[PDB]
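The structure that follows is given in the form of C-alpha cells.
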Amino acid sequence: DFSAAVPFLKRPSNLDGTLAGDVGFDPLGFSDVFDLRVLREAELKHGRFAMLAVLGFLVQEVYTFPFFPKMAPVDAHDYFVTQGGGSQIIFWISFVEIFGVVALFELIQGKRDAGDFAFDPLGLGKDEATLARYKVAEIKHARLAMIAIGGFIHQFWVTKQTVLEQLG
Amino acid sequence: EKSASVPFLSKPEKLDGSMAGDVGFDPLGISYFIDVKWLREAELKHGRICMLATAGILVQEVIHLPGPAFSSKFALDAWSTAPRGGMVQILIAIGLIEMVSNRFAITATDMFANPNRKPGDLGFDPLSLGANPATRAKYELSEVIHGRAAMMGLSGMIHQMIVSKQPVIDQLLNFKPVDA
Amino acid sequence: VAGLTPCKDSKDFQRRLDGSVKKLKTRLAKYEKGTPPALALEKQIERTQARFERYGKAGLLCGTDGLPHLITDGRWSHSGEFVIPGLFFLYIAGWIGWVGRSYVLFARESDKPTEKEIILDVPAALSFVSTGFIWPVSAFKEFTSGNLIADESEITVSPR
Amino acid sequence: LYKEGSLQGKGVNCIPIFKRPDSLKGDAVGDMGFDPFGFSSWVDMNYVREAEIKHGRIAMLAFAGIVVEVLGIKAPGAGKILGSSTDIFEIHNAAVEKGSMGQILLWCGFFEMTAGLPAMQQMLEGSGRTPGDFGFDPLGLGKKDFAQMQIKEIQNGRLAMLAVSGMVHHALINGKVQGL
Amino acid sequence: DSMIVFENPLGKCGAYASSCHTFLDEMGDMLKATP
Amino acid sequence: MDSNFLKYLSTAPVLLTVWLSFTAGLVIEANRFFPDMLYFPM
C-alpha cells in the first residue's frame, strides 16, 4: 500500500482515504500516534483562520474602516495591541474556544465529526453530492490559504510592502 | 440527540425540556452534577433580583425619595450616599425574607425536602395572577426570559457605569468613547 | 488612652514614618526618574505613607516604642482589634468544621466510605460547603435533637 | 392563488438561476419560487409573510411621501412650521424637531401594540388569519377579486421597497431621490 | 418639604442631531469620520 | 471529559492543592487591594 500522493511512501495506516483531501500524505506519522480526528479538527481550525486572514489582509489593504487609522495589515496588529481592540478580538475568540473545548471532547467521544460545527446559515450544503464536493474544496482552500498567509506576512516583512502594492 | 441552541454539542441529558426557557443550552454540563431544581431556583432568584436592579438603576436616576442622602443620579454613588443604617436594615430584612419565604429550608440539603416545593415557587402570588392554567406557561417563560435579559442588562449597566462614571441614561445621552 | 497614647499624635510614630520614608528615598536617589525601580520605590513610599495615615486615623494606641498596641480586653472602643476579627474567624471556622462533619457522615453512609474520603464526591462536597452558611443554628439544632453528642455507652474507651 | 402555476404556486420560478426550494410549497401568496438561502425551512412562514406585507405597505406609503416632498407639494401651513426644504433628510430632521415625527411614532406604535401584535400572536397561534389582514376595506375594492388584489399588493409593495431604498441612497449620493 | 424629587433626564438632548452628543451621534460621527 | 480523569481530579491531593491555591489567591488579592489591615475598621 503506497500513498497516492507519494508513490514511494507507504500509505499511512490510519489514513484510509475516507476524510476529504486525504491523498495519503503523512510522512512523519503524526496520525500513527495522535488521533486523526483531533488532527483534522486542528487542520480545519488552522485553515479557516488562515483563509479569513488572507481575506482580511486583502480587504484591509483596499479598505479600512473610517474610524480606524489607515495602516498595513501587519502593523495593525501592534497598533491594536495597545489600542485595546486586539484584546477584545482575543477575548471573544477565547469565549468561542471555551465551547470549542467541549466540542473537542465530544469529538474524542465520537459524537461529532472533526471540523463539523453544524454551521450552514445559508443552507448551501443541503445535498450530499455538493456537500462532499464542498468539503474537498474546503480542505483544499484551507491548505492553500495556510500557505498563502505565511507567504503574505513574510513577503511584507521582507519588502515592507503590501501584497497588492508588491504585485506591480 | 443534539442541542437546539448549540447544534454541534449534544443535548444536555438532565435538561428534558420540561422547564420553561429550555433550549438545551448547557455546554459546560452543570446540570449533570448540580440538581436542575436548585439551578432553576438560583436562576429565577438571580433574574428577579436583576429585574429589580435594572428597574431601580433606571428609575432612581429620574425620581428620588426626598433628601440629600437619597439625591444621587449615579447609582454607584447612591450605594454610598444612602443612609448606611437603612442599607443594613435592608440587608437584615432580605435575610428574614429569605428565611420565611423558604420556610427555614435554605440549604442545599433541605431546600426541596418537601415534594410540594417546586423550583422557584416561594408561594408569592399576592394577586393570584398565576392561577390560570392557560396563561401560566406563558407567564413562566416570560419570567425566565425577563430574568435572563435583566441579568445581562444589569451586568452591562454596572460595568458601563464603572467605565463612564455617569448614569446609564446620562451616558447614552452624553456618550464619550473610552480613552484610557 | 487606656495606658498609652493615641498613635495619631505620637512623636515615636511620626519618627518611624520619617525613618521608613527616608530609607525609601535614599534607595530611590540612585535610580533614574521614570525607570521601573523609581516607580516601584515611589509606590512603596506612597503605600508606607497611606498605611501610617490610616493607622493614625484608625484610633490605634501606640506605646513609647512608636508601634500600635492592641487592647484585647473586651472594651467596645477597641472591638475591631480582636473581637470583630475573631467573630469573623469563628464564623469561617465553624463553617469549615460543620461542612466537614456533614461530609464525614455522608461518606459514612456510602458503599465505600474510604473511597469517598480519598476520592471525593465533589458535588456533595460543594452541597455541604453551601450548607455551611447557617452552621450556628444548624449545629445547635443537631445538639438539641441529640444527633451531635454521642452517648457514653456508645463510644469506645480503653480499660482503666 | 391567482393564476396558480403561472404567476404563483408550485412549479413557479421567477429566477430559474436558483432552484425553487422544496420548502416553498406554493401555498403562500407571492410564492414565486425565490428562496436561494432556504430560510423557509426554519422560519415561521406566517410571521415572515406578515413582515413582508408590513414592509411593503410602509415602503409604498414612503414612496408616495418622498415623491410628494421632492415635488414640493405641502399641506396648508406645513411650510411655515417645518420649512420649504425639499430634501427628505432635512424634512425628517425638521419634523422630528417640531414634534410631528414623534406623534406619528406614538400613534404608529399604539396601532402596532393594539392591532398588529395581537393579530400576529393569534395568527401564529393558529387563528387562521390571512397574513396582513386587518379587515381594512372600507371602500370594498377587494370584494371582487381578493386573491388578485393580494398578489398585486405583495408585488407592488416589493417594488416599492426596492424603489424607496434606491431613492434614499440616490438622495445620499447626488442629493436627488431620482439619482438620474 | 419632604417630597419625591422628579429630575428630568432628557433635559435638552435629542437622540440625533442635537446639542447633546448621544450614542447614536457617536456612531454617526464614527461612520462619517475622516482619518 | 473522561469520568476517570474527573475522578483523578477529585482525588484528595489534587483537591487540597486546588482549594488551598484558591484560598491563597483569595488572601493575596484581599491584601493586594486592601493592604496593611491590622484591624477591622470601626
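Per-chain residue numbering starts at 1, and chain names A, B, C, D, E and F are given in the order in which the chains are listed.
One rule holds in what follows: a contact is a pair of C-beta atoms (placed from the backbone, for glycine too) under 8 Å apart; a residue touches a chain by one contact, two chains touch by 3 or more.
The chain list, named the UniProt way, goes like this: C = Photosystem I reaction center subunit III; F = Photosystem I reaction center subunit IX.
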For the chain pairs B-E and A-D, which is connected through the larger number of C-beta pairs in contact?
B-E
Would you identify the chain whose Cα-based centre sits farthest away from the centre of chain E?
C
Inter-centroid spacing, chain D versus chain C (mean Cα positions, whole Å)
69
Which whole number of Å gives the spacing of the CA centres of chain D and chain E?
32
Inter-chain centre distance, chain C versus chain E - centres from mean C-alpha coordinates, in Å:
49
Rounded to the nearest Å, the gap between Cα centres of chain A and chain F is 39
Among the residues of chain E, which are close enough to touch at least two other chains?
none
So which bits of chain C are touching at least two other chains?
122
For chain C, which residues are in contact with chain F within the complex?
47, 50-51, 54-55, 58, 60, 68, 70, 79-81, 84-85, 88, 117-122
Using the touch rule from the top, collect the residues of chain A that touch chain E in their complex.
64, 66-70
Would you mind writing out the residues of chain D in touch with chain A in their complex?
37-39, 41
Listed in rising order, chain E residues that touch chain A in their complex are 30-35
Touching chain B in the complex: which residues of chain A?
84, 98-99, 102-103, 106, 111-112, 116-119
